[PDB]
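Here is the structure we will look at, set down as structure tokens.
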Amino acid sequence: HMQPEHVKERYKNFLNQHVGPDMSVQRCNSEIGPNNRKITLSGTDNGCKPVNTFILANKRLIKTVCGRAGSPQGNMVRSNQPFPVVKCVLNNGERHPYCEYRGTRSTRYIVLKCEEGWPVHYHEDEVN
Ligand SMILES: [Cl-]
């Protein structure tokens, strides 16, 4: 429960954007939208993210990728085993409440950036 002060907000936002143990392929719009997580494109006024991946696992398991269950990839880490994910890809909309997505489930190695052992960034594919 205790977190480094400079990590707290980045970690909170990592959980919000990317930790979705209960997420499903057909709930991208509801989960991303203002009735739930209100996930927004960084640096924008309520802008729809082009892509947002939810890892279908709990935060405890995902955090282990920052340590024993990951391997180094530059200054990031790559999971040693793959995870189930739902990738939400933008279909329509500029800003909330109009962000509409298609969700696709896959199993994939996840690449994260960690700080002090805490996940702070999920590395999305360049093209989605
Ligand atoms: Cl790996």
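Order determines the names: the first chain of the structure tokens is A, the second B, and so forth; residues in each chain are numbered 1 upward, and ligands are numbered 1 upward as they are shown.
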
Practice item. Around ligand 1, at most 8 Å away and counting only C-alpha atoms and all ligand atoms, which residues are there? Put them as a PyMOL selection string, please. Key: chain A and resi 70-73+77-81+109

Check your understanding: chain A: which residues are strand (DSSP E) by DSSP, as a ChimeraX atom specification?
Key -> /A:51-55,70-73,76-79,83-92,100-108,111-115,118-122

Exercise for review: Mind listing the helix (DSSP H, G or I) residues of chain A, per DSSP on the backbone, as a PyMOL selection string?
Suggested key: chain A and resi 8-18+28-32+59-66

Review point. Within 8 Å of residue A:46, counting only C-alpha atoms, which residues qualify if same-chain residues fewer than 6 places away don't, as a count of residues only?
Key: 3

Can you pull out every residue within 9 Å of residue A:92, counting only C-alpha atoms, but drop anything in the same chain fewer than 6 positions away, and send it as a CSV table (one decimal) with N, CA, C and O atoms, in the first residue's frame?
```
chain,number,residue,atom,x,y,z
A,48,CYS,N,-10.3,11.4,-27.0
A,48,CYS,CA,-10.4,9.9,-27.1
A,48,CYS,C,-9.0,9.4,-27.5
A,48,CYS,O,-8.4,9.8,-28.4
A,98,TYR,N,-18.2,10.8,-26.7
A,98,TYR,CA,-18.4,10.2,-28.0
A,98,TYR,C,-17.3,9.1,-28.4
A,98,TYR,O,-17.3,8.7,-29.6
A,99,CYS,N,-16.5,8.7,-27.5
A,99,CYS,CA,-15.4,7.8,-27.8
A,99,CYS,C,-16.0,6.4,-28.0
A,99,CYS,O,-16.6,5.8,-27.1
A,100,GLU,N,-15.9,5.9,-29.2
A,100,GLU,CA,-16.4,4.5,-29.6
A,100,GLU,C,-15.2,3.7,-30.0
A,100,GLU,O,-14.4,4.1,-30.8
A,101,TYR,N,-15.2,2.4,-29.6
A,101,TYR,CA,-14.1,1.5,-29.8
A,101,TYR,C,-14.6,0.2,-30.3
A,101,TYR,O,-15.7,-0.2,-30.1
```

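The nearest approach to residue A:34 among the residues A:47, A:112, A:56, A:90, with only C-alpha atoms taken into account, belongs to A:47.
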
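For the choices A:51, A:25, A:62, A:41, the atom-to-atom distance to residue A:127 is smallest for A:51 when using only C-alpha atoms.
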
Contacts of residue A:125 within 12 Å, only C-alpha atoms, excl. fewer than 5 positions in-chain, as a CSV table (one decimal) with C-alpha atoms, in the first residue's frame:
```
chain,number,residue,atom,x,y,z
A,50,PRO,CA,-6.7,6.0,-30.4
A,51,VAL,CA,-5.8,2.8,-28.5
A,52,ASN,CA,-6.1,1.6,-24.9
A,53,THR,CA,-5.2,-1.9,-23.8
A,87,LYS,CA,-7.2,-4.0,-26.9
A,88,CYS,CA,-9.7,-1.1,-27.4
A,89,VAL,CA,-9.1,0.6,-30.8
A,108,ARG,CA,0.5,-11.3,-25.7
A,109,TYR,CA,3.7,-10.6,-24.0
A,110,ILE,CA,3.3,-7.3,-22.3
A,111,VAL,CA,5.9,-4.6,-22.3
A,112,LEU,CA,5.8,-2.1,-19.4
```

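Proximity to residue A:49 was assessed for A:32, A:65, A:76, A:23 counting only C-alpha atoms; the smallest distance is recorded for A:32.
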
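Closest to residue A:15 among A:63, A:102, A:68, A:123 is A:63, based on only C-alpha atoms.
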
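If you measure from each of A:12, A:27, A:37, A:121 to residue A:66 using only C-alpha atoms, the closest one turns out to be A:121.
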
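Using only C-alpha atoms, the nearest neighbour of residue A:105 within the list A:35, A:44, A:83, A:11 is A:83.
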
Check your understanding: If you measure from atom CA of residue A:126 to atom CA of residue A:24, what distance in Å do you get, rounded to one decimal?
Key -> 22.5 Å

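Atom to atom, atom CA of residue A:104 and atom CA of residue A:86 stand 5.4 Å apart.
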